[PDB]
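These notes are about the structure you will find just below.
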Amino acid sequence: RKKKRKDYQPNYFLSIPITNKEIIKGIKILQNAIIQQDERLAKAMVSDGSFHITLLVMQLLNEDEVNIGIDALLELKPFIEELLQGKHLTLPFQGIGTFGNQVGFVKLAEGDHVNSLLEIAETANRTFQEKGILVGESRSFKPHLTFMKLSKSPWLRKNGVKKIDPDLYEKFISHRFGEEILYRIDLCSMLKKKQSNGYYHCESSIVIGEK
């Protein structure tokens, strides 16, 4: 019984791309400031073309399941529009944290937008699961913009750097990186070859509040 859930490995995700150039440039400066202190950490830095907020992870195992995931994303749009009622959902970024001292990310600043984004993420989780898709992960959901992952440098983890030293980013711990307005949400593949601009391959996409 427990096997398909035991063997589960996400391979797709819902993604909010970062498009505000102020955020993109600020994250690049943060990454460069860390590299200057320890040149070995360059290999852990995520490519700027990939900057995004993950909204939901899931497993889609064949063409039919990918098509069902596409359907679920298209069906999610009216739920989001009903929540927001045409007003921008503005996501400000401030605060730096880590998961297990292995993934470093910039946090969403506190405020009313947090609960709004959390409700969107929970609606996505529920509606995708009701179509029979296996979703989610053991890590508790926390919206974040990842800038580095030690898992991208596995040899370094065995040869000197097992954890991210928080002192590396201390100068940025209260910096306001900028705001992203919710617009596009993509269904992205984790494994497929990336686009020429460095962003993930997309199976489909929706836009919220378009004009």
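Because the Cβ atoms are built from the backbone with ideal geometry, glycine has one as well, and the counts that use them run over all protein chains shown. None of the figures in this text is laboratory data; all of them are computed from the coordinates on show.
Brief remarks follow.
- Using Cβ point charges alone (K and R +1, D and E -1), the dipole size of the chain about the Cα centre works out to roughly 1060 debye.
- Top of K28, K158, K192 by mean-square fluctuation, Gaussian network on the chain, Cα under 10 Å: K158
- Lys/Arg +1, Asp/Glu -1 at C-beta; the chain dipole; positive extreme among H88, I35, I24: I35
- Counting only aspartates and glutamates at least 8 places from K6 when in the same chain, those with an alpha carbon closer than 18 Å to its own are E137.
- For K194, the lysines whose Cα comes closer than 24 Å to its Cα, not counting residues fewer than 8 places off in the same chain, are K21, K25, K28, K43, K149, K152.
- Under 18 Å of direct C-alpha separation, and excluding same-chain neighbours fewer than eight residues apart, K192 reaches these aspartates and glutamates: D48, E63, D64, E65, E203.
- Among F79, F105, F51, the largest mean-square fluctuation in a Gaussian network model of the chain, built with springs joining Cα atoms closer than 10 Å, belongs to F79.
- Equivalent ellipsoid semi-axes, the chain, via Cα gyration tensor eigenvalues times 5, rooted, Å: 29, 22, 15
- Of the trypsin sites (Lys or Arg not before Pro) in the stretch 84-142, those whose Cβ has at most 15 other Cβ within 10 Å and which sit in DSSP loop: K87, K131, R139
- Distance between the C-alpha centres of the stretch 171-207 and the stretch 59-109: 10 Å, rounded to the whole angstrom.
- For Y8, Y199, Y169, the sequence from fewest to most other C-beta atoms within 10 Å is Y8, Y199, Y169.
- Residues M45, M148, sorted so that the one with the fewest Cβ neighbours within 10 Å comes first: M45, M148
- Of the DSSP H helices in the chain, those whose Cα atoms cover at least 27 Å axially and whose Kyte score averages -1.0 or more: 63-84, 112-130
- Under 14 Å, Cβ to Cβ, from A33 - net charge with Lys/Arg +1 and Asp/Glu -1: -2
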